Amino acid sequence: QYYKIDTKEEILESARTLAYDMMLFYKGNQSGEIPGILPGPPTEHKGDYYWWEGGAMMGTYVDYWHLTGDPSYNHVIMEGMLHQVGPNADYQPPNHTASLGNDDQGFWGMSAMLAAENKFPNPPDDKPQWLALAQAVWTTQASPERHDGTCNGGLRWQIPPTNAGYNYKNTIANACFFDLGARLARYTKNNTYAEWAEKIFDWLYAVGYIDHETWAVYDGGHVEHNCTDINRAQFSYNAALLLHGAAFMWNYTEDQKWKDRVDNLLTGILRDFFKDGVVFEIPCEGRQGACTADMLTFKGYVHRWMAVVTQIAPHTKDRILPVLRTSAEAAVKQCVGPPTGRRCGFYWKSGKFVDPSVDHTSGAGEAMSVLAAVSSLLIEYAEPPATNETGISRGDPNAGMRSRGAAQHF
């Protein structure tokens, strides 16, 4: 094994080297390149990765600085986050319409929310501020044309009605909107965010994407079947994101129903995704060559989001932290690949390095996931998410409401 994680100082050093190796994939700060994106998209044969994964990377580094105190990459991350905001400061840049799902926009909004929660340095005064960007994403996702009567509500996966997949009302789109609403409620103390989060969670429960008996979290269903054709694939990020949002709602509301939802979602996650203490991407990891570029990132979110749950729902700490520890130990045990002696693969539970080429990418998602898992071992030393009591960001009461906003020509 190359990386050591047995003391705070060892973890910090390992995380620093992991942050270096992940950054080698990113070219957006170099002359002639586009800030905020990993190489791609694959539809243009420019690389393996889609736009939303750039937003996931940005948030990973906002958390990296929060967890380690190392600000080395903060300027690069601010540049990337600001470049992708779009003309209406809502994470809907039109050049990316083909990638404009509610999930894709949501991941960028969640990185902005994280920047506000983590007191990440503010953009210049003339540029959109982190809380305002999160508010803009949430507001566009709450807009009435995104909430029709099919399946008695819920967001569709896609934003443009002509995009393939507009007929799929899926967990991830709704989970992003739910999580943002819960987090905006806690930060701002505005109850309209919370009422929307409650409504969307109740919809996810009613439609049966949350199993009423087992608290498994399924993938979605299609409007032409009234959402009854449930795709029962269980992706780790879906259950983990609902757990994260539920923990914010428990912290904000102190309503026992939210504590019960945290506990039930957590029981399900530990049962389904942790195998002898190691996170496992059940729909695809059982054999090599099946996980997509997107899926290689999910286990990193699981680690980072579950670590935050222990801060805002502290009664969960002893159920979560020991399991994140065994999972991160498995992550580092397999970061031994050539040519560096420390290259990271995906198949942590297996105990062996597998070249990312088996899954047809250069390996950025695997690197991101290990960075997330190792950094998050420092959660016990980190501050909890800030609210507006101590945060430094600024909001915008008209976030998402510009006259040139896309909702005005839907």
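So that there is no doubt, residue numbering starts at 1 and follows the sequence shown.
Next on the checklist: Highest mean C-alpha temperature factor of the two stretches 91-99 and 130-138, which is it?
Outcome noted: If you average the C-alpha B-factors of 130-138 and of 91-99, the larger mean comes out for 91-99.
Checklist entry - According to the deposited model, is the average Cα temperature factor higher in 160-168 or in 313-321? => result Per the PDB entry, the higher value belongs to 160-168.
Checklist entry - Reading the B-factor column of the entry, which of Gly109, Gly220, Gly181, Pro339 has the highest value at its C-alpha atom? => result Answer, based on the entry's C-alpha B-factors: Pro339.
Checklist entry - If you compare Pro385, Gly54, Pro42, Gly365, which has the highest Cα B-factor in the entry? => result Among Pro385, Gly54, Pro42, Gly365, the highest C-alpha B-factor in the entry belongs to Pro42.
Item to check | Third assignment of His303 from its chain's C-alpha B-factors | outcome: CA B-factor rank for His303: lowest third.
Next on the checklist: What third of the chain does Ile282 rank in for C-alpha temperature factor, lowest, middle or highest?
Outcome noted: Its C-alpha B-factor belongs to the highest third of this chain's values.
Item to check | For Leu18, the third of its chain into which the C-alpha B factor falls | outcome: Lowest third of the chain for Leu18's C-alpha B-factor.
Checklist entry - By the record's CA B-factor, is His244 among the lowest, middle or highest third of residues in the chain? => result Within its chain, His244 is a lowest-third residue by C-alpha B-factor, going by the deposited values.
Next on the checklist: How does the C-alpha B factor of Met81 compare with the rest of the chain: lowest, middle or highest third?
Outcome noted: Within its chain, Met81 is a lowest-third residue by C-alpha B-factor, going by the deposited values.
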